[PDB]
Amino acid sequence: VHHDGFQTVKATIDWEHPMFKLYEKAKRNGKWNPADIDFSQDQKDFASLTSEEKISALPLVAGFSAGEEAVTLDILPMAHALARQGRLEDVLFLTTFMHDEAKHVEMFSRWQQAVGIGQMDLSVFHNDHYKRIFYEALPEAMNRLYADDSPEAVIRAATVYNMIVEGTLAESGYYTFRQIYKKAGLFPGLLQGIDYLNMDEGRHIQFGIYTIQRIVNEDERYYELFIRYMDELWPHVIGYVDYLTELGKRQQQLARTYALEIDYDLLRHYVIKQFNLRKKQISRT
């Protein structure tokens, strides 16, 4: 359907809009290119590993590669719905958001190629709980926005994507990668990439927070909805976390070999800490 006018013809960009400022920061801090990362040492490290240690690292890479690919496809409806509501600055920022995820898909896929597992199907490490979040609830909530851009729909989409998938799982994954391999001295290329992903991620979660907080602000009954959507998802969050944990407890040889005392109980409570801390970033008032 038709445009009825153009903001930057009638007026200008709202330069003071937070999403315009968050767009500006993204351009300044989003210059990194996965294609400049040197994975040659990563390749050597992965070959150096035994078959059992090789396994140790794949689940996490599995969950991330599929995750980045899901959010790259699935952020589009949000940009569409906000564009329809005339939120130009939100859209400007969202272009950086979508390119960020394209680079993230790119980064993990380069790593797989480089270390020689690109031809290996890693879908096997996606369990039921993971499929429920990523194969199902995420795309349902996002695509919903094509036909229903109510406050409710928008809140639930930001919650699933920005607060749960990014704000809870992705954050915990970044932490898990560092806890394990930055210590081991392994996969310097991957960790370079993970640090850049983690930076990008800050902007993604701030968008989620702003989006949710401005809808809560108009009517604090929506706060309750927010908490409810968080808690609806927790079981699959932890159910994936437990699954990865038990895969870990059954394949200790990467831990044995690299003198790591992998405190799965500390990863567990980091996830929890993440979940509760995302809740705290939304004010009821």
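All residue numbers refer to positions in the sequence shown, first residue = 1.
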property	result
Average Cα temperature factor in the PDB entry - higher stretch of 50-58, 228-236	50-58
Higher-scoring stretch by recorded Cα B factor average, 117-125 or 156-164	117-125
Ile75 CA temperature factor, ranked by third within the chain	lowest
Third of chain Cα B-factors occupied by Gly185	highest
Position of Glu16 among the chain's modelled residues by C-alpha B-factor, lowest, middle or highest third	middle
Within-chain third of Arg178 by Cα B-factor, per the entry	highest
For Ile262, the third of its chain into which the C-alpha B factor falls	highest
